[PDB]
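Enquirer: As they sit in the full assembly, here are the leading chains:
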Amino acid sequence: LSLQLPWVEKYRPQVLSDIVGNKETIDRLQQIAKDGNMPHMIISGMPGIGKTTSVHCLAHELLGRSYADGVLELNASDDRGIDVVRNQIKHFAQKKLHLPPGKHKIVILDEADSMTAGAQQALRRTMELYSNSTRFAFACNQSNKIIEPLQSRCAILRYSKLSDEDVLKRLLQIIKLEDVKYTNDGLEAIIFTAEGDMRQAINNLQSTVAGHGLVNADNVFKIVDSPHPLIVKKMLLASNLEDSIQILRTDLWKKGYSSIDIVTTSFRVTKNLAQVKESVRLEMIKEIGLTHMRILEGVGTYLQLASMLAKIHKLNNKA
Amino acid sequence: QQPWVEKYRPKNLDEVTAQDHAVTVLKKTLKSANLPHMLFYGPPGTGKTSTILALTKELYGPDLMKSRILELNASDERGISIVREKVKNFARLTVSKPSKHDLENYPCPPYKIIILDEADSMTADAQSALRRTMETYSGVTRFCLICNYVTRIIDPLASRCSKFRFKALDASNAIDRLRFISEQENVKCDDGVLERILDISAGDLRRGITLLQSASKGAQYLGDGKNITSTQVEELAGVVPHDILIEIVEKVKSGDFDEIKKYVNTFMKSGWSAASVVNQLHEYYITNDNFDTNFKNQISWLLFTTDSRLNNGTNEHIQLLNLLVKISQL
Amino acid sequence: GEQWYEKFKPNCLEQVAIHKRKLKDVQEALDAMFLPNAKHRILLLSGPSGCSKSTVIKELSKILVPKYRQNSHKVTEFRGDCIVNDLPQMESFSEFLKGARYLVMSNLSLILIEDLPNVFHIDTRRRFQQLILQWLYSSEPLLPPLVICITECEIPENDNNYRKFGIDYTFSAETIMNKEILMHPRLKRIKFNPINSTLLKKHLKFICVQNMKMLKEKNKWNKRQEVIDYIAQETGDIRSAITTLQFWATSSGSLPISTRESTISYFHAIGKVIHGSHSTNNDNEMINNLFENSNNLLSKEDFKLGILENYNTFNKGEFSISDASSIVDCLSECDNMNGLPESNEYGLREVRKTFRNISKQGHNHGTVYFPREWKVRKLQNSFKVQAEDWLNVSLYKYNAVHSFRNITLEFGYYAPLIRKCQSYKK
């Protein structure tokens, strides 16, 4: 008895105009739609920044009425092997579909980073023979997964993290189109917890409005939780050992985070850290590795994490 | 015939000694039918397999045992496929209908027991498939996981299964059982004997029974008819004699590297084990009141590190020489 | 109305973006392989992606095949997408090679194999290896020339359980062709290098001068030089460079210019870890980029062995012994972490930090080498065979068993000096 689409799906962009963030790339996509000479593209970026939606919108605005038989949206959910590339993709590309001037079929190979090597090798061959009628539109979170021979003939349009202003603009549009009572601090908290993920921000706003009504900082933070990569950074950069121990025991242990997650997030933060010496960074990485080994062997306990923090503080503050 | 360890294996739950808590829980749940999933753990040779076999034979009986009990151990394959197919299919199977004799002379609980002995050697990938398997098939099947290290058992499985710990069989726990075995086997021992046997076989009774059997066989072959002395079971086990230990200590006191190396070479020529000499050195150094607190702390840490290195499977000669040099330079 | 890598395609041999020496050696090899004598039967071209490894074969065949053909022009590229009805996919290449051998006189045509069959599958891979092996050892008096352009590329991370290795890491010729084919006297492996900046700039300028009206219309003809220089300096791929230039020219705005990122080679990565990168002076950024772009190369145990065998190249090996001790100690510590990514990060960060505090200007460096482990394992296998034979002959003569450890340590050495030294006397 629901019949109600999620806010993620409800206000999904259908035009290349309401897609917020990456102004230059969106303008380039608009120019492509205006002209029609779409080159092969490999969109890369973090999850939930409009990569798939941009491809679908440009396909809709290029094919237009011919969208029914002009686009072949393949995905990881569908079977993507050498056989499927050699038959279904080959027949779709080989199909002689009449199109408006300067229009080409768009094979939307979404989640192309999960495709098999042989499938990509067959994609090389099929793209070498069928690129005057079809233009593949890859969409992956990492361009390195697509083989370099494929990237040779495909233009690269890497997407960047959505800023706190474009996300705010789209969130305000959703609020106005939905008539939801908001608070400035609430929207700031939503943006903060989004971490540049527009879909996550939409989901958080929907959960907040559906569970608590008014969207303020208190109601947002009583359902959504502060990002743990930030508490991990706070505890790793703590000058005093007691402060880090408390930050761990109260915000990652009693909060309900596994030790292995705490170790992996610590390693990632140390990899992407700043204002720390290289020797200190490598010593912290070594300590995190020793702790990770201890966790994997089966000794996963708060004591091991406390020992890791003690070692890090010892190597930071010396003897 | 049979080894004394297998000859005196506890057949019923009333023969398992010093594991009072777990055995009394099993005996009380024998009357009822609410036995939960069990996670038996403890030191090696503490009576886990014997206890589970006794409970199995008491609950169902010899005829119903084959049809209502499945046993898997490290001797057989226990991978993810095995857990997914064999264990799941066995648990799904309806419990066999007991015969009239079985119902008359046995409790015949409506559940069945899957015994996964030596579960600490099972990979974490295969331990994740048991989680729901031991939960949805809970009213028709029971699970008994036996291991020596609980750390090798994943947290979900440890939470699902009841935590029964088997105590280490020291000289105040299995002494009654050892005396019973000696009396039944007609073994003559001096006063104080079987206590050194339990101490050397620390946290284990099978080693103690083996030592007792070997000492009895040696005494029988000698033909003197005299009682077994403590030094006999000490040498038979592999304990370094006290004179060799005190010579090692004296060489350590004289901090000459060459003399220590030569005497360590001679000791390794003698063929003794590094673990036994390290344990005896610990017993000598920690107990001796002449040493001060700082020296005792440092030597305790050094012995801990040496034992940790030895357990990894390293060369005994190098570790022993390094330990003795460290003790000398302390 | 089409991609600029087409249309503006090479029409003669001069337009081909290839170095003079590479062109001359390829032409010499082709001319030697078209003679009635068959000293070389196959030409194993190899190199990175888009390094003019395909556009030169057609141009050569334009002025070579017709000259030596009979009277009574192009290539015969193998199509890996043709699914024949009554033909298994493994048998597709078998039929291709068994029907391409009839092109000798009045039908001469070069056989080009660029799109290899699914060599990631073991069965068809070994079937292809056998098929090309039969080609080299064929008793056929006359066979047409054959070229296999194996485009080397770093195979990314995959969910395959084991499926051995080699082809799951790289798509090089050694991972497809076996050692027997590579060392065959009739195989000539002419490797290719990334296109130099000079030829890239020349061809980009040719493309720009062939279409300048839109360039000046979009106020880009005056900014053309910087774009060409950046494109030719960032990538060595001609097709990718042309695509990026087309994308920039057709665009109307301020979109930053981006191109495909090349994968760092094994020796290149070792040099970067040991010496550093001139582009980036930040060790953390360089290490993070190296791990993100190429993690399939830094995860193999060969790279740690590579560092162990090549860190003695800094200042020809005149660095302090303490630095070497620290490097080897940290390498052993990483080996003692059962391949965790943290160990892989630490074993390179420590080396780079150690080789940074001792970086001295005006110090010549030596050359590197692949780790000497394959030779050691082959020698160990030979010693295994020797010990097995000695223990076999030992048990057959007399009933005495000897452990392999003692054979390696005591028996192996004394066995000659005992048995053969008493053979002298007999």
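Expert: Received it, and whenever you're ready, just let me know what you need. Residues are numbered from 1 along each chain as shown, chains lettered A, B, ... in the order given.
Enquirer: How is chain A divided into domains?
Expert: A:1-162, A:163-226, A:227-319 (curated CATH domains).
Enquirer: now those in CSV, with mean neighbour count and distance to residue C:276?
Expert: Any C-beta I mention is one placed from the backbone N, CA and C, and that applies to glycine too. Shown next, in CSV, are these (neighbours: other CB atoms under 10 Å in any protein chain shown; distance: least, CB to CB, whole Å):
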stretch, mean neighbour count, distance to residue C:276
domain A:1-162, 18, 22
domain A:163-226, 17, 32
domain A:227-319, 17, 12
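Enquirer: And these: which comes nearest residue C:266?
Expert: Nearest to residue C:266 among the domains of chain A is domain A:1-162 (15.8 Å), distances taken as CB to CB.
Enquirer: The stretch 151-300 of chain A: helices as residue ranges?
Expert: In the stretch 151-300 of chain A, the helices defined using DSSP state H, counting those that start in this stretch lie at A:166-178, A:184-194, A:198-212, A:217-221, A:228-236, A:241-248, A:259-271, A:278-294.
Enquirer: Spell out which parts of the stretch 251-400 of chain C neighbour chain A.
Expert: Listed as neighbours of chain A in the stretch 251-400 of chain C under the rule CB under 8 Å from any CB of the partner chain: C:251-256, C:258-263, C:283-284, C:288, C:292-294, C:333, C:337-338, C:340-343, C:345-346, C:349-350, C:352-353, C:356.
Enquirer: 6 Å instead, please
Expert: Within the stretch 251-400 of chain C, the positions adjacent to chain A are C:251-253, C:255, C:258, C:260, C:283, C:293, C:337, C:340, C:342-343, C:345-346, C:349-350, C:353 by CB under 6 Å from any CB of the partner chain.
Enquirer: Tell me which helix or strand residue C:323 sits in.
Expert: helix C:321-335 (DSSP states H and E).
Enquirer: Contact partners for whatever residue of the stretch 201-319 of chain A ends up closest to chain C?
Expert: Closest residue of the stretch 201-319 of chain A to chain C, CB to the nearest CB: residue A:289 (3.1 Å). Going by CB atoms under 6 Å, 6 or more residues apart in numbering or on different chains, residue A:289 touches C:337, C:340, C:342-343.
Enquirer: Could you report the neighbour count for the closest residue in space to residue B:257 that isn't next to it in sequence?
Expert: Of all residues not flanking residue B:257 in the chain, residue B:325 sits nearest, at 6.8 Å (CB to CB, 6 or more residues apart in numbering or on different chains). For residue B:325, the count of nearby residues is 16 (other CB atoms under 10 Å in any protein chain shown).
Enquirer: add chain D to the structure above:
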Amino acid sequence: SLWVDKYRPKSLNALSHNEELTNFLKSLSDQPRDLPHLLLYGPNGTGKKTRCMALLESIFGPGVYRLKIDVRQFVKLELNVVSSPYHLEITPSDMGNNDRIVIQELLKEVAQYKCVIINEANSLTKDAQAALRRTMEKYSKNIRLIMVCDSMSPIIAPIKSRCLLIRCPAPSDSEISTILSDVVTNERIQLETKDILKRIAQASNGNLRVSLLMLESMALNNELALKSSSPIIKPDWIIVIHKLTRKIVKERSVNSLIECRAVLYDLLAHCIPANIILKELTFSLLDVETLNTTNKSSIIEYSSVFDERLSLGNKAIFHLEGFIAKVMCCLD
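Expert: Let me add chain D to what's already shown:
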């Protein structure tokens, strides 16, 4: 043919170098029925395998020293098997890591007081021992395993608990010299003095096998004769290790480290175990009189740390090179 095999004892009474151990073996053989699982631990060259053979002959009468060599196959792990009447040989050396499956199959085939001898049990991996800890306990009515190992340290606690610990001390100098005298009496070499036998014993470090082999080598070199100043024919790898020790204590540089690495690679190619290579390098370094006590203590500490690291590691070259670098830094 070989003198070690020529003068190998074939019975418990023929053994005349342990005495007390021989009496204990007689005590064990007095009641062959109740035979516990036996684990012999002692220095290499003691004669533990010969003692096992003699004990099996005592239990199973004559014909134990028979040699029924055959070839088996496991899944293609085609390990060779040395069969004998109530005696089977399993060597963990021929199957490293993958030993669990083959030992399981062999044990279950033998089960069908049959004795299976598994020498050098230290080479058994933690998985094969995990299978054996239950294989021995379960089928302890139709098979009795007897395992001989140099040191029972890498043996898991359950296996040592289920088995019986028997120590085999290395031969003493006087008795091994007596054995050498018996050898030279049976095959006359016309020794100038008996002191050369004592020096050979001192150069064997309690290894009777080494003493017999070097005695035969020296006799062959001196044309079936012996000399007071006859050279000691030590194994080649020991000489290489001594040369490496001299290089380490002489050239303290990075190029010298590369030369040491090349020497270590040659030693590894000679299929010499890495742990024993590290041990011999350490003990040869400690024998240098130039180095002081602090240097030797640092050497032994580094040796302990790096042998632990090698035990907990896959590639052996790293640990050996690290130990060499650490000792080289300590020297200067």
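Enquirer: back to the neighbour count of residue B:325, now that we've got chain D?
Expert: 24.
Enquirer: Make sure I have this right: it is in a helix.
Expert: Yes: applying DSSP: H, G, I helix; E, B strand; the rest coil, one finds residue B:325 inside a helix.
Enquirer: rewinding a little: so whichever helix or strand comes after the helix holding residue C:323 versus helix A:259-271, what angle?
Expert: Next in sequence after helix C:321-335, counting helices and strands by DSSP H and E, comes helix C:341-357. Put simply, helix C:341-357 runs at 20 degrees to helix A:259-271, going by axes from the mean of the first three to the mean of the last three CA atoms, to 10 degrees.
Enquirer: Can you give me the separation between residue A:194 and chain B?
Expert: Remark: distance between residue A:194 and chain B (CB to the nearest CB, to the nearest Å) = 31 Å.
Enquirer: Find the nearest non-adjacent residue to that residue, please.
Expert: Residue A:194 sits nearest to residue A:201 (CB to CB, 6+ apart), 3.7 Å away.
Enquirer: Excluding covalently adjacent residues, which one is nearest to the residue nearest in space to the middle of chain D?
Expert: Geometric centre of chain D, nearest residue: residue D:44, 3.6 Å, by CA atoms, centre = their mean. Excluding its sequence neighbours, the residue lying closest to residue D:44 (CB to CB, 6+ apart) is residue D:150, at 5.4 Å.
Enquirer: surely the one you found meets residue D:46?
Expert: No: using CB atoms under 6 Å, residue D:150 is not in contact with residue D:46, being 9.3 Å away.
Enquirer: who has more neighbours, these two?
Expert: residue D:46 (27 against 23).
Enquirer: element containing the more buried one?
Expert: Using DSSP H and E, no helix or strand contains residue D:46.
Enquirer: so how many other residues sit close to the residue of the stretch 201-330 of chain B found nearest chain A?
Expert: Using CB to the nearest CB, the closest approach of the stretch 201-330 of chain B to chain A is made by residue B:312 at 12.9 Å. Residues lying near residue B:312 (other CB under 10 Å) number 16.
Enquirer: How about the residues of the stretch 201-350 of chain C by chain D?
Expert: So far as CB under 6 Å from any CB goes, the stretch 201-350 of chain C lies against chain D at C:312, C:317, C:321-322, C:324-325, C:328-329, C:331-332, C:335-336.
Enquirer: and then chain E:
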Amino acid sequence: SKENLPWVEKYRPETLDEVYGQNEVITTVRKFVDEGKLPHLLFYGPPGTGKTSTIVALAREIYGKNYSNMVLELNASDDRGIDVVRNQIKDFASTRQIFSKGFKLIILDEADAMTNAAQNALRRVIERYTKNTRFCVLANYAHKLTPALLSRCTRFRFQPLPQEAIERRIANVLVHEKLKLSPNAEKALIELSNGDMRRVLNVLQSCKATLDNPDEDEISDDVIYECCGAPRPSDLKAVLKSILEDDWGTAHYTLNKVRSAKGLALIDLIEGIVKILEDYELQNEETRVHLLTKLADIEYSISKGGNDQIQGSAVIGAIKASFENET
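Expert: Once chain E is put in with the chains from before, the structure reads:
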């Protein structure tokens, strides 16, 4: 036949009102289901927090009498590879409703132990069939999940059960079993469970078994400690005092007495000492580092086996050495 069940399986909540502790999650999902629309949920937290008893109760309350044909449950006990995800989940989430009852819930318990390829193939199934199918993800380890999968999944964190909820559940179990529990024994159960209902239920079942008369006898703290072989606070405090104050011989004697008279394991004593040492002054920062590092090393060594006497001596020496940085 429910009496012939373990207390961890016959006390499983059947309705959302019996899932204590996770009040915020229960209220939020109740608001979602009352307002019709239910977002794709993802339940995360420590084991035994009620991540399955909540989703099954929610499914029962949504699809009354239709929990069978509307809910598809897949766990780690069954294969969840590429083929399974691409066939079974797709067929279930691609078909129309049985009686137009709503959306088709898909419970994926223990989704952390899933291959990344399956986790990436599931994302498009989740997004392309969200109109008539809502996915629920149960996982104890968040690092095992693809970040995109986390992005397209509303995250609910099942924190460890608070003391009040466990006390209420213990009271319900006592009422249902006609049992008596001392308040000190209840607090010992709270500290032993450390946020886990199954541990409390198992310990209560073992205590009831351990009692000679499960009806007229009360479960005391001594029973709660004897049934699990856990160290009492008194012995832990005595061990800590002996190690911190008395000399090396008397401390070792006290440690041996404590670990022998009750059979207490050394790792349990180490954990107790660690807990008792957290709320300590320890002004010097080096004492904390020494304590944590040495105790972690000893715990790691114990996890691999060894000589218990040597490990206990190591514990004593480590604690003494760490507390020498105090003065």
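Enquirer: and the neighbour count of residue B:312, now that chain E is part of it?
Expert: Residues near residue B:312, counting by other CB under 10 Å: 17.
Enquirer: now it: how far from residue D:322?
Expert: Residue B:312 is 17 Å from residue D:322, where distance means CB to CB, to the nearest Å.
Enquirer: same thing with residue C:158?
Expert: From residue C:158 over to residue D:322 the distance is 34 Å, taken as CB to CB.
Enquirer: Excluding chain neighbours, what is closest to the closest residue to chain E within the stretch 51-200 of chain A?
Expert: Going by CB to the nearest CB, chain E is nearest to residue A:77 of the stretch 51-200 of chain A, at 3.7 Å. Excluding the flanking residues, the one nearest residue A:77 by CB to CB, 6+ apart is residue E:124, at 3.7 Å.
Enquirer: Toward the C-terminus, what is the element adjacent to whichever strand or helix holds the one you found?
Expert: Here residue E:124, judged by DSSP H and E, is contained in helix E:116-128. Counting by DSSP H and E, the next helix or strand C-terminal to helix E:116-128 is strand E:133-139.
Enquirer: touching chain B at all, that next one?
Expert: No: figure legend: strand E:133-139 not in contact with chain B (CB under 6 Å from any CB); closest approach 10.5 Å.
Enquirer: Show residues contacting that strand.
Expert: E:38, E:40-44, E:51, E:55, E:93, E:103-109, E:111-112, E:126, E:153.
Enquirer: again, but for stretch D:193-209
Expert: B:269, D:4, D:43, D:45, D:170-171, D:173, D:176-177, D:180, D:210-211, D:215, D:226, D:228, D:232.
Enquirer: redo that, cut-off 8 Å
Expert: Contacts to stretch D:193-209, defined as CB atoms under 8 Å, 6 or more residues apart in numbering or on different chains, come from residues B:265, B:269, C:406, C:410, D:4, D:17, D:43-47, D:170-173, D:176-177, D:179-181, D:184, D:191, D:210-211, D:214-215, D:218, D:226-228, D:230, D:232, D:234.
Enquirer: In ChimeraX, how would I select the buried members of the residues you listed?
Expert: Listed next is the ChimeraX selection for buried residues among the contacts of stretch D:193-209, using 16 or more other CB atoms under 10 Å in any protein chain shown:
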select /B:269 /C:406,410 /D:4,17,43,44,45,46,47,170,171,173,176,177,179,180,184,191,210,211,214,215,218,226,230
